[PDB]
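Trainee: my sequence and its experimental structure, below.
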Amino acid sequence: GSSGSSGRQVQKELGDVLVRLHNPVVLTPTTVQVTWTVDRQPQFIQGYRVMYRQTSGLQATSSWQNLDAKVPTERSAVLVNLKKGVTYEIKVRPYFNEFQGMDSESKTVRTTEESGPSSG
């Protein structure tokens, strides 16, 4: 007697999903580009939760952040409003409603101090 439910293979595929985090391409000291890829793209998934936070700065281990991509087709997120001259730990992990599949190998990004020649 299944009254009603959603996402059957969610608790089966979710975890399975193996997100491969390449590296947080640091473009600017105030913004970092995050890229990743998945072998088995989940159909139930609603998007991706990119958690980031400081590790060296003062805000370090102070309060974790979350950037809801809100797009199951966006395998890359951009974290803005970042401090310059400080490492930042970020990890990509899938999520449907509340739960979130296994997190990828947290990669630390070092935001240079001197801004380089950027265009855009």
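Mentor: Ah, there it is. Numbering: from 1, shown residues only.
Trainee: list the contacts of the residue most central in space within the chain.
Mentor: The structure's the chain has its C-alpha centroid closest to residue 50; by C-alpha atoms, centre = their mean the separation is 2.3 Å. If a contact means C-beta atoms under 8 Å, 6 or more residues apart in numbering, then residue 50 has 34, 66, 67, 69, 77, 79, 90, 91, 92 as its contacts. Any C-beta I mention is one placed from the backbone N, CA and C, and that applies to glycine too.
Trainee: try it again at 7 Å.
Mentor: Neighbouring residues of residue 50 by C-beta atoms under 7 Å, 6 or more residues apart in numbering: 34, 67, 69, 77, 79, 90, 92.
Trainee: repeat for residue 108
Mentor: For residue 108, counting by C-beta under 7 Å, 6+ apart, the contacting residues are 55, 87, 88, 89.
Trainee: who wins on neighbours among those residues?
Mentor: When neighbours are counted as other C-beta atoms under 10 Å, the busiest of the contacts of residue 108 turns out to be residue 88, with 24 neighbours.
Trainee: measure that residue to residue 4 for me?
Mentor: From residue 88 over to residue 4 the distance is 42 Å, taken as C-beta to C-beta, to the nearest Å.
Trainee: circling back to that earlier point, between the contacts of residue 108, which is nearest residue 21?
Mentor: residue 89 (11.3 Å; C-beta to C-beta).
Trainee: the closest one belongs to a helix, doesn't it?
Mentor: No. According to DSSP: H, G, I helix; E, B strand; the rest coil, residue 89 belongs to no helix; its state is strand.
Trainee: returning to that earlier point: now distance to residue 27 too, for the contacts of residue 108, in CSV please.
Mentor: Formatted as CSV, the contacts of residue 108 follow (distance: C-beta to C-beta, whole Å):
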residue, distance to residue 27
55, 19
87, 16
88, 13
89, 17
